[PDB]
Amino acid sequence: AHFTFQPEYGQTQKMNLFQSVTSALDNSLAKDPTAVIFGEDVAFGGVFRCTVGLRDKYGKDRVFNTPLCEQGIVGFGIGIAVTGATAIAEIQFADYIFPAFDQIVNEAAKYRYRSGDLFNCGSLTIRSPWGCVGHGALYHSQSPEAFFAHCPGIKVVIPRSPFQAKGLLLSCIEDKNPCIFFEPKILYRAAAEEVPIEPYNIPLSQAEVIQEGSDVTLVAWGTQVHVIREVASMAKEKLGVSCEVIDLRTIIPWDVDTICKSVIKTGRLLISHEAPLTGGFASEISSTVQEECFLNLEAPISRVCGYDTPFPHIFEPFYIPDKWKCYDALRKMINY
């Protein structure tokens, strides 16, 4: 495996990432009588088990399957939300969210603005499995967040663990704006930690400094957070370099202040993501940090990302921005 996962709100219970999603969904339907969950094959529990037991507990009219049509799933979800009911739509793989791009970008994102707030679909949340998985190749490995980042009106949120996933998903479900929640599928079973059984919220548009450092700032999201956490360890051990590790968590609207504050202190920044380099979200963070921290930047900001190719099957080990690729970039930046 290319990463290693490493682990106040009341009673907790050990939960892997798919169990924490189920817990968030369960808490939601229990406290919101209007809430419904729908998509492709969610009735029997889902292909990643995220909705197991929910239909039996809440009823077939609240947890149900739709015909196989992603544009339909999103348009249908928008319509439910327009009436004020909570709609939690599932897109089976993030790679299949594209048929719904028009409904997301031209409709959901613009619903409130274009009606002067007479109508909205703020109670809509779209959840979808995301990121590489070792052998998913072109259509079971994608990280589409940068496509959505250029669309004013929606929020895009990506957790790095079970505890983070339940708190962030509950916040998305309750947020008054259409949200896309991307679940790193490689972590569904791999990552397990203590998760509060009752509902709790983690704020959107707030990054989390998970490790203080003074020489360089490292930023990532999803599974890649664990990769840069390891890279921080390698830099300390091999270079005597103190790394500040930051989980962005919300892609848009993103936490510009936390990132700039960190870079003003360290003077160096490395951003990493599985998605291709060109047009990737690291470009937005880099351009922005350069604009706000020009005087503090000691070296050029580095972006360690996937290559500008479709996501390959047999070549995955060579494609991903692994710890060695991140470490080498960091070494060179330190040496600048």
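Heads up, when I say rigid core I mean the largest set of C-alphas that superpose within 1.5 Å between the two forms. In case it trips you up, residue 1 is the first one in the sequence shown, and so on.
Practice item. Would you mind working out which of 229-237 and 187-195 sits farther from this form in 9 other deposited structures of this protein by RMS C-alpha distance, with the rigid core as the fit? Key: Farther from the shown form on average in 9 other deposited structures of this protein: 187-195.
Review point. Residues with no coordinates between residue 7 and residue 8 in the deposited sequence, how many: none, 1 to 3, 4 to 9, or 10 or more?
Key: Gap between residue 7 and residue 8: 4 to 9 unmodelled residues.
Point to revise | Selected stretch [higher average CA B-factor]: 233-241 or 252-260 | key: Looking at the recorded C-alpha B-factors, 233-241 comes out higher on average.
Check your understanding: Looking at the deposited entry, does 173-181 or 202-210 carry the larger mean Cα B-factor?
Key -> Comparing 173-181 with 202-210, the higher average CA B-factor belongs to 202-210.
Check your understanding: Which one of 284, 274, 61, 70 shows the top CA temperature factor in the record?
Key -> Checking the PDB record, the top C-alpha B-factor among 284, 274, 61, 70 is at 61.
Practice item. Please pick out which of 310, 39, 53, 280 has the largest Cα B-factor as recorded in the entry. Key: Result of the comparison over 310, 39, 53, 280: 53.
Practice item. Name the third of the chain's ranked CA B-factors that contains residue 160, choosing lowest, middle or highest. Key: Tercile = middle for this residue's CA B-factor.
Check your understanding: Comparing residue 84 with the other modelled residues of its chain, is its CA B-factor in the lowest, middle or highest third?
Key -> Tercile = middle for this residue's CA B-factor.
Point to revise | residue 167 - Cα temperature factor, lowest/middle/highest third of chain | key: Its C-alpha B-factor belongs to the middle third of this chain's values.
Check your understanding: Lowest, middle or highest third of the chain for the C-alpha temperature factor of residue 300?
Key -> As the PDB entry reports it, the C-alpha B-factor of residue 300 lands in the highest third of its chain.
Point to revise | Where the record places residue 116 (Cα B-factor, split into thirds across the chain) | key: According to the entry, residue 116 has a C-alpha B-factor in the chain's middle third.
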